[PDB]
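Have a look at query-v1.cif below; it lists mmCIF, C-alpha atoms and all ligand atoms.
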```cif
data_final
#
loop_
_atom_site.label_atom_id
_atom_site.label_comp_id
_atom_site.auth_asym_id
_atom_site.auth_seq_id
_atom_site.Cartn_x
_atom_site.Cartn_y
_atom_site.Cartn_z
CA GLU A 1 -10.93 -8.32 -14.94
CA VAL A 2 -8.03 -6.46 -13.27
CA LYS A 3 -4.92 -8.62 -12.91
CA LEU A 4 -1.52 -7.96 -11.37
CA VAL A 5 0.98 -10.79 -11.14
CA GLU A 6 4.46 -10.22 -9.70
CA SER A 7 7.57 -12.32 -10.44
CA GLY A 8 11.34 -12.02 -10.01
CA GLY A 9 11.98 -12.68 -6.34
CA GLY A 10 14.30 -15.39 -5.12
CA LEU A 11 17.26 -16.17 -2.90
CA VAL A 12 20.31 -13.95 -3.18
CA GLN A 13 23.53 -13.09 -1.33
CA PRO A 14 24.29 -9.54 -0.07
CA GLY A 15 25.48 -7.05 -2.66
CA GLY A 16 23.72 -9.00 -5.42
CA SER A 17 20.74 -7.90 -7.52
CA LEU A 18 17.37 -8.84 -9.04
CA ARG A 19 14.70 -7.45 -11.36
CA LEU A 20 11.08 -7.76 -10.25
CA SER A 21 8.32 -7.90 -12.83
CA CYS A 22 4.62 -7.07 -12.62
CA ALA A 23 2.52 -8.30 -15.53
CA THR A 24 -0.95 -6.80 -15.79
CA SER A 25 -4.17 -6.97 -17.78
CA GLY A 26 -7.78 -5.83 -17.59
CA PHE A 27 -7.13 -2.08 -17.90
CA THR A 28 -5.46 0.60 -20.03
CA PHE A 29 -2.02 0.46 -18.37
CA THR A 30 -0.59 3.87 -19.37
CA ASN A 31 -3.41 5.67 -17.56
CA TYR A 32 -2.67 4.47 -14.03
CA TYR A 33 -0.17 4.98 -11.26
CA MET A 34 1.84 1.87 -10.38
CA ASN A 35 3.76 1.19 -7.18
CA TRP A 36 6.07 -1.21 -5.39
CA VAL A 37 5.48 -1.87 -1.69
CA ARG A 38 7.27 -4.42 0.46
CA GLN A 39 6.72 -6.09 3.79
CA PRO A 40 9.59 -7.65 5.77
CA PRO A 41 8.52 -10.76 7.65
CA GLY A 42 7.75 -9.07 10.96
CA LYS A 43 6.74 -5.74 9.78
CA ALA A 44 4.80 -3.07 8.36
CA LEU A 45 3.99 -2.22 4.77
CA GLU A 46 6.64 0.14 3.36
CA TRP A 47 6.27 2.28 0.26
CA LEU A 48 9.35 2.06 -1.96
CA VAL A 49 8.83 3.48 -5.43
CA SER A 50 6.00 4.89 -7.44
CA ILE A 51 5.43 6.00 -11.03
CA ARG A 52 2.56 8.06 -12.38
CA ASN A 53 0.48 7.76 -15.54
CA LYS A 54 0.89 9.39 -18.95
CA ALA A 55 -1.17 12.50 -18.11
CA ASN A 56 1.46 13.13 -15.42
CA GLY A 57 4.53 12.50 -17.55
CA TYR A 58 5.29 9.14 -15.91
CA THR A 59 6.95 10.99 -13.03
CA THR A 60 8.49 8.91 -10.28
CA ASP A 61 9.21 9.24 -6.56
CA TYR A 62 11.50 7.03 -4.48
CA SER A 63 11.89 6.29 -0.80
CA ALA A 64 15.26 7.43 0.52
CA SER A 65 15.90 3.88 1.72
CA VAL A 66 16.12 2.50 -1.83
CA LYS A 67 17.23 5.77 -3.45
CA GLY A 68 20.06 5.22 -5.94
CA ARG A 69 19.95 1.41 -5.62
CA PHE A 70 16.45 0.63 -6.87
CA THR A 71 15.01 1.95 -10.10
CA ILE A 72 11.43 1.59 -11.30
CA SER A 73 10.34 1.51 -14.92
CA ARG A 74 7.31 0.60 -16.95
CA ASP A 75 6.95 -1.01 -20.34
CA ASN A 76 3.78 0.62 -21.66
CA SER A 77 3.75 -1.41 -24.87
CA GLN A 78 3.51 -4.62 -22.83
CA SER A 79 1.73 -3.25 -19.75
CA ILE A 80 4.49 -4.41 -17.36
CA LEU A 81 6.05 -2.73 -14.33
CA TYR A 82 9.59 -3.61 -13.26
CA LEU A 83 12.02 -2.91 -10.48
CA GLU A 84 15.78 -3.16 -10.82
CA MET A 85 17.29 -3.80 -7.39
CA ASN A 86 21.03 -3.33 -6.83
CA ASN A 87 23.37 -3.76 -3.85
CA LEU A 88 20.86 -5.80 -1.89
CA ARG A 89 21.15 -6.42 1.84
CA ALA A 90 19.31 -7.97 4.82
CA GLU A 91 16.74 -5.18 5.30
CA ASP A 92 15.66 -5.81 1.71
CA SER A 93 14.42 -9.34 2.38
CA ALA A 94 10.64 -9.30 2.07
CA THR A 95 7.55 -9.88 0.00
CA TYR A 96 7.26 -7.26 -2.73
CA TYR A 97 3.89 -6.07 -4.02
CA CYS A 98 2.95 -4.15 -7.16
CA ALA A 99 -0.20 -2.02 -7.03
CA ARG A 100 -2.18 0.28 -9.31
CA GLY A 101 -3.92 3.51 -8.37
CA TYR A 102 -7.58 4.49 -8.49
CA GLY A 103 -8.92 7.33 -10.63
CA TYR A 104 -11.01 8.81 -7.82
CA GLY A 105 -7.94 9.40 -5.68
CA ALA A 106 -6.29 6.33 -4.20
CA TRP A 107 -2.93 4.58 -4.32
CA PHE A 108 -2.88 0.77 -4.27
CA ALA A 109 -6.52 0.11 -5.17
CA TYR A 110 -5.39 -3.29 -6.54
CA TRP A 111 -2.49 -5.48 -5.43
CA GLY A 112 -0.68 -8.42 -6.96
CA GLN A 113 -0.07 -11.52 -4.87
CA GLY A 114 3.54 -10.42 -4.34
CA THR A 115 6.82 -12.38 -4.65
CA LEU A 116 9.44 -13.25 -2.05
CA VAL A 117 12.99 -11.94 -1.77
CA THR A 118 15.41 -13.49 0.72
CA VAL A 119 18.86 -12.00 1.28
CA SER A 120 21.75 -13.41 3.62
CA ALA A 121 24.46 -15.95 2.63
CA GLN B 1 9.21 12.08 6.64
CA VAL B 2 5.67 12.42 7.97
CA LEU B 3 5.27 9.83 10.70
CA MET B 4 2.08 7.79 11.00
CA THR B 5 1.40 6.64 14.55
CA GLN B 6 -1.20 3.88 14.77
CA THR B 7 -3.05 2.89 17.96
CA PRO B 8 -3.55 0.46 19.50
CA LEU B 9 -1.06 -2.18 18.39
CA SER B 10 -3.36 -5.02 19.43
CA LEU B 11 -7.14 -4.73 19.47
CA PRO B 12 -8.84 -7.87 20.85
CA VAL B 13 -12.52 -7.88 20.00
CA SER B 14 -15.57 -10.05 20.23
CA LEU B 15 -17.47 -10.81 17.03
CA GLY B 16 -20.29 -8.29 16.65
CA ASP B 17 -18.78 -5.47 18.70
CA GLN B 18 -17.80 -2.05 17.48
CA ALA B 19 -14.12 -1.33 17.12
CA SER B 20 -12.12 1.81 16.42
CA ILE B 21 -8.56 2.14 15.20
CA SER B 22 -6.81 5.50 15.13
CA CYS B 23 -3.89 7.07 13.30
CA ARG B 24 -1.90 10.23 14.03
CA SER B 25 0.13 12.05 11.36
CA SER B 26 3.02 14.24 12.58
CA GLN B 27 2.12 17.11 10.24
CA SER B 28 -0.72 18.15 7.99
CA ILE B 29 -1.38 15.63 5.23
CA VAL B 30 -3.13 17.97 2.80
CA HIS B 31 -1.73 17.45 -0.71
CA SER B 32 -1.08 20.67 -2.66
CA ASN B 33 -4.08 19.91 -4.89
CA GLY B 34 -6.33 20.08 -1.84
CA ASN B 35 -7.03 16.40 -1.21
CA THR B 36 -5.93 14.46 1.85
CA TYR B 37 -4.79 11.10 0.56
CA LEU B 38 -5.31 9.15 3.74
CA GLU B 39 -6.36 5.54 3.15
CA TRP B 40 -6.92 2.44 5.27
CA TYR B 41 -5.81 -1.08 4.46
CA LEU B 42 -6.58 -4.57 5.64
CA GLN B 43 -4.16 -7.45 5.29
CA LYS B 44 -5.77 -10.80 6.08
CA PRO B 45 -3.43 -13.66 7.11
CA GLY B 46 -1.51 -14.88 4.08
CA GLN B 47 -3.31 -12.52 1.69
CA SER B 48 -2.18 -9.26 0.15
CA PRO B 49 -3.48 -5.91 1.47
CA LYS B 50 -6.90 -4.62 0.47
CA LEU B 51 -8.10 -1.03 0.09
CA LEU B 52 -10.84 -0.06 2.55
CA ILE B 53 -11.07 3.73 2.63
CA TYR B 54 -9.45 6.45 0.50
CA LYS B 55 -9.20 10.23 0.89
CA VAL B 56 -9.99 9.99 4.59
CA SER B 57 -13.48 8.84 4.39
CA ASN B 58 -14.44 7.44 1.01
CA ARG B 59 -15.31 3.75 1.32
CA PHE B 60 -13.84 1.87 -1.62
CA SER B 61 -16.38 -0.03 -3.77
CA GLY B 62 -17.04 -3.59 -2.68
CA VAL B 63 -16.00 -2.90 0.91
CA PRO B 64 -18.60 -3.87 3.57
CA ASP B 65 -20.45 -0.76 4.76
CA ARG B 66 -19.58 -1.69 8.33
CA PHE B 67 -16.32 0.10 7.57
CA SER B 68 -16.06 3.88 7.75
CA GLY B 69 -13.28 6.43 8.08
CA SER B 70 -13.12 9.96 9.45
CA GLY B 71 -10.84 12.58 10.92
CA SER B 72 -9.42 16.09 10.71
CA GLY B 73 -6.06 17.80 11.00
CA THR B 74 -3.76 14.97 12.02
CA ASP B 75 -6.30 12.66 13.66
CA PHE B 76 -7.92 9.89 11.64
CA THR B 77 -10.17 7.06 12.78
CA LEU B 78 -11.24 3.86 11.04
CA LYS B 79 -14.43 2.42 12.52
CA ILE B 80 -15.92 -1.06 12.19
CA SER B 81 -19.46 -1.18 13.57
CA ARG B 82 -19.92 -4.97 13.60
CA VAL B 83 -16.77 -7.09 13.50
CA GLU B 84 -17.07 -10.21 11.34
CA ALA B 85 -14.66 -13.15 11.37
CA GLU B 86 -13.62 -12.05 7.87
CA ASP B 87 -12.52 -8.67 9.27
CA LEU B 88 -9.76 -10.23 11.36
CA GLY B 89 -6.26 -9.20 10.33
CA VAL B 90 -3.80 -6.32 10.30
CA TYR B 91 -5.01 -2.78 9.50
CA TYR B 92 -2.75 -0.11 8.10
CA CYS B 93 -3.39 3.57 7.69
CA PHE B 94 -1.38 5.30 4.97
CA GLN B 95 -0.65 8.83 3.81
CA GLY B 96 0.05 9.37 0.12
CA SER B 97 0.17 13.15 0.20
CA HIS B 98 3.79 13.92 1.04
CA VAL B 99 6.93 12.10 -0.14
CA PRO B 100 8.12 9.71 1.20
CA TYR B 101 4.71 8.02 1.46
CA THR B 102 4.19 6.36 4.85
CA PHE B 103 2.18 3.58 6.52
CA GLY B 104 1.31 3.21 10.17
CA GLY B 105 2.84 0.38 12.18
CA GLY B 106 -0.33 -1.69 11.75
CA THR B 107 -3.06 -2.78 14.15
CA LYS B 108 -3.85 -6.46 14.65
CA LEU B 109 -7.57 -7.04 15.08
CA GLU B 110 -7.95 -10.47 16.67
CA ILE B 111 -10.48 -12.69 18.45
CA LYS B 112 -10.73 -11.91 22.15
CA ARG B 113 -10.12 -15.00 24.29
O1 LIG A 201 -10.46 5.77 -13.21
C1 LIG A 201 -10.36 6.06 -14.58
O2 LIG A 201 -10.92 5.15 -15.34
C2 LIG A 201 -8.91 6.24 -15.08
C3 LIG A 201 -7.94 7.25 -15.61
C4 LIG A 201 -6.87 7.94 -14.77
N1 LIG A 201 -6.77 7.60 -13.27
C5 LIG A 201 -5.44 7.72 -12.67
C6 LIG A 201 -5.23 7.49 -11.58
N2 LIG A 201 -5.12 8.69 -10.55
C7 LIG A 201 -4.30 8.42 -9.41
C8 LIG A 201 -4.12 8.69 -8.31
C9 LIG A 201 -3.34 8.04 -7.20
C10 LIG A 201 -2.99 8.77 -5.82
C11 LIG A 201 -3.43 10.28 -5.46
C12 LIG A 201 -4.28 10.81 -6.60
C13 LIG A 201 -4.65 10.10 -7.99
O3 LIG A 201 -3.79 7.06 -9.50
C14 LIG A 201 -4.27 6.49 -10.84
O4 LIG A 201 -3.80 5.50 -11.39
#
```

Have the structure of the file written as structure tokens, please.
Amino acid sequence: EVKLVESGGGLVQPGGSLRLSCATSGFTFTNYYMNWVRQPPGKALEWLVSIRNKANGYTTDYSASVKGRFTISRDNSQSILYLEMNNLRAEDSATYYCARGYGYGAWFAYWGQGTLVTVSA
Amino acid sequence: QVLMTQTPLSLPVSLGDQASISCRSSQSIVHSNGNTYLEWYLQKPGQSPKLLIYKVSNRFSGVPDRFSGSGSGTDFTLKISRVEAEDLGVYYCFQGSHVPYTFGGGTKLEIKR
């Protein structure tokens, strides 16, 4: 019933930009936390951005790494999470994942299949 | 930035043996609301991560009961009592109490040769 499907990755040269999308269904969107996590090809999961539900004023929190370059947003009418990425560089190349929280106290209870982003011309 | 130190990096096991993975936060991880948002994740080869344990210790629904988490202060352990082929992959501990939220370096559970 719960679905998360990312989209928006691609191949891009340094300094360029992209907008990731996360379409969802199977739950009342506005009531859950949503997040963006990425994993460079070697490496470890890395939390990037996060945005809370309506009861929490849709507050957000960013990782210093993407601070001021990335910006998260959510379209509550359509139940879609996005991510505007600017001034991209090598350390940004990875698979990006969207995830929704859990009411009993958990981040990333559900994950989308993630999309790829490759930087470097 | 609260650092999450995971150990070991490589844990070779034999199917059916117990196995323990540990984490180590560099500071307390108690959120101001009282909860300790320490979870464990499992990323199988090619798949996306899966939630195993939340709030240090609560096994997420649908997760095999061979998984269990525990800990106190800055020490957290994820235990697997009977390793199944399907449990092979990379495990990540994660703290979602203090910003910026942080994962451990990951622990690769693999077949012992
Ligand atoms: O489970 C219920 O049906 C849903 C209504 C509200 N649940 C909200 C959620 N609460 C949190 C959450 C995530 C991390 C720490 C503490 C709480 O993430 C969510 O999306």

Define the interface residues of chain A facing chain B as those within 10 Å, counting all atoms listed in the file, and report them as a ChimeraX atom specification. /A:43-50,61-65,95,97,99,102,104-114

Identify, on the basis of only C-alpha atoms, every residue whose closest approach to residue 17 in chain A does not exceed 9 Å; exclude the query and any residue fewer than 3 positions from it along the same chain; express the result as a PyMOL selection string. chain A and resi 12-14+84-88

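Remark: residues at most 12 Å from position (-5.3, -13.8, 18.4) in file coordinates are residues 10, 11, 12, 13, 14, 45, 85, 88, 89, 90, 108, 109, 110, 111, 112 and 113 of chain B, using all atoms listed in the file.
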
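Using all atoms listed in the file, the shortest contact distance between ligand LIG 201 (chain A) and any of B:84, B:63, B:44, B:34 is found at B:34.
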
Show me, as a list in words, the residues that have an atom within 8 Å of residue 7 in chain B when counting only C-alpha atoms, minus same-chain residues fewer than 4 positions from it. residues 21, 22, 23 and 107 of chain B

Edge lengths and centre in Å to one decimal, as JSON, of the axis-aligned box that encloses all listed atoms of range 31-45 of chain A with 3 Å added on every side?
```
{"center_x": 3.1, "center_y": -2.5, "center_z": -3.3, "size_x": 19.0, "size_y": 22.4, "size_z": 34.5}
```

Which is closer to residue 19 in chain B than all the others in B:74, B:97, B:5, B:68, using only C-alpha atoms? B:68

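What separates CA of residue 79 in chain A from CA of residue 51 in chain A is a distance of 13.2 Å.
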
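From CA of residue 53 in chain A back to CA of residue 19 in chain A, the distance works out to 21.2 Å.
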
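CA of residue 77 in chain A to CA of residue 3 in chain A spans 16.4 Å [interatomic distance, one decimal].
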
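Distances here use only C-alpha atoms and all ligand atoms; by that measure, the residue among B:31, B:81, B:67, B:25 closest to ligand LIG 201 (chain A) is B:31.
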
Regenerate range 69-85 of chain A at the level of N, CA and C atoms and dump it as a compact mmCIF listing (two decimals), in the coordinates of the input.
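In the end it all went to part32.txt:
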```txt
# COMPACT_ATOMS: atom_id res chain seq x y z
N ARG A 69 19.66 2.85 -5.57
CA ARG A 69 19.95 1.41 -5.62
C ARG A 69 18.86 0.72 -6.42
N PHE A 70 17.63 1.16 -6.19
CA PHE A 70 16.45 0.63 -6.87
C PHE A 70 16.05 1.61 -7.96
N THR A 71 15.46 1.10 -9.02
CA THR A 71 15.01 1.95 -10.10
C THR A 71 13.77 1.29 -10.68
N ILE A 72 12.70 2.08 -10.77
CA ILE A 72 11.43 1.59 -11.30
C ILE A 72 11.32 1.99 -12.76
N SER A 73 10.55 1.22 -13.51
CA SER A 73 10.34 1.51 -14.92
C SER A 73 9.08 0.80 -15.34
N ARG A 74 8.52 1.23 -16.46
CA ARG A 74 7.31 0.60 -16.95
C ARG A 74 7.42 0.45 -18.45
N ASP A 75 6.97 -0.70 -18.92
CA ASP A 75 6.95 -1.01 -20.34
C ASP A 75 5.49 -0.82 -20.71
N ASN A 76 5.16 0.33 -21.30
CA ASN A 76 3.78 0.62 -21.66
C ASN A 76 3.26 -0.18 -22.85
N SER A 77 4.16 -0.61 -23.72
CA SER A 77 3.75 -1.41 -24.87
C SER A 77 3.19 -2.74 -24.37
N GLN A 78 3.88 -3.32 -23.39
CA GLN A 78 3.51 -4.62 -22.83
C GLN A 78 2.67 -4.57 -21.56
N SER A 79 2.50 -3.39 -20.98
CA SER A 79 1.73 -3.25 -19.75
C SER A 79 2.43 -4.04 -18.62
N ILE A 80 3.70 -3.74 -18.39
CA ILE A 80 4.49 -4.41 -17.36
C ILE A 80 5.32 -3.43 -16.55
N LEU A 81 5.28 -3.58 -15.23
CA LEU A 81 6.05 -2.73 -14.33
C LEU A 81 7.26 -3.55 -13.90
N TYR A 82 8.38 -2.90 -13.67
CA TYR A 82 9.59 -3.61 -13.26
C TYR A 82 10.23 -2.89 -12.10
N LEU A 83 11.27 -3.50 -11.57
CA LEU A 83 12.02 -2.91 -10.48
C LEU A 83 13.41 -3.52 -10.50
N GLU A 84 14.40 -2.70 -10.80
CA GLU A 84 15.78 -3.16 -10.82
C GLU A 84 16.27 -2.89 -9.40
N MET A 85 16.80 -3.92 -8.76
CA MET A 85 17.29 -3.80 -7.39
C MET A 85 18.78 -4.08 -7.36
```
